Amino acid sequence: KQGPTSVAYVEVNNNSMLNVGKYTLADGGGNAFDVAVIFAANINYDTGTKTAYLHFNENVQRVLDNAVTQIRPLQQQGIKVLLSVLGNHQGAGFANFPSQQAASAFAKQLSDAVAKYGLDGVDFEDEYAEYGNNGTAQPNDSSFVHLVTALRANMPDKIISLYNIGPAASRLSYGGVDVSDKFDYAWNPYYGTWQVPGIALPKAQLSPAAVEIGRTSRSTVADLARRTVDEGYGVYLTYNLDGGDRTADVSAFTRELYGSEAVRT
């Protein structure tokens, strides 16, 4: 298979990660999706101790406890699986840590989860944090840089991706360290649109197109897939793959990205 790397986010609350592996290219090809992303763990806040922590709802936790049956089959196929983290309405966000050590400790919880669950990386989604709640600070300049630096130092061989959105996304430099280069990918968060992430990453590691399997039009899927290749970008993001027969939606993008149809099951 040759072309942009395609990513599929799966809302494990109502959907199976295992559906990402059922799509392959009709030609010799290979997987229709290269990266699967578990949506989503959260950054919560312990108000009494003034410290943020990595929270996993029972559903995400179960995908994890059951990684041998929910994740390994994808990984055996060659599919890289990422854990995504989101704000959770608790004041604490990625651009919110008060010190390097606080940001580092959260970095550690992420790092450990990647190792404990044999994952391939972490994806950051700075949305819904609600900076200010529970006496937290507003976004500061150092927090996200501290987090990324610490996370990358812990797992130098894993993927760290940025969901282009929120305060953190534009706070990539503090001190003599710009953490842009510490990211493997950055993608557009808005479905059915083309929005080039501003992060100083090469076009091969960026995905300006964002489509939602099931809610974004088929002509739009092809158009953004074709534009991805033509413009020189190397990543293509698909949001919310379900368990329905999405063979034709997947083919609309595999055709442009790799010159082939998709086949399911």
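Sequential numbering from 1, following the sequence displayed.
Mean Cα B-factor comparison, 209-217 or 59-67, giving the higher one as deposited: It is 209-217.
Selected stretch [higher average CA B-factor]: 252-260 or 21-29: If you average the C-alpha B-factors of 252-260 and of 21-29, the larger mean comes out for 21-29.
Peak C-alpha temperature factor (PDB record), options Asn88, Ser84, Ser143, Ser170: Spelled out: the listed residue with the top C-alpha B-factor is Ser170.
Highest-ranked of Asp184, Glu130, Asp126, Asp157 once sorted by CA temperature factor in the record: Highest CA B-factor of the listed options: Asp157.
Modelled-residue ranking by C-alpha temperature factor, third containing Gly118: Its C-alpha B-factor belongs to the middle third of this chain's values.
Ranked against its chain, the third holding the CA B-factor of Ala153: Tercile = lowest for this residue's CA B-factor.
Cα B factor band for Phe39 (lowest, middle or highest third within the chain): Middle third by C-alpha B-factor.
Ranked C-alpha temperature factor of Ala103 among modelled chain residues, by third: Lowest third - that is where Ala103 ends up once the chain's C-alpha B-factors are sorted.
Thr49 by Cα B-factor - lowest, middle or highest third of the modelled chain: Answer is middle: the recorded C-alpha B-factor places it there.
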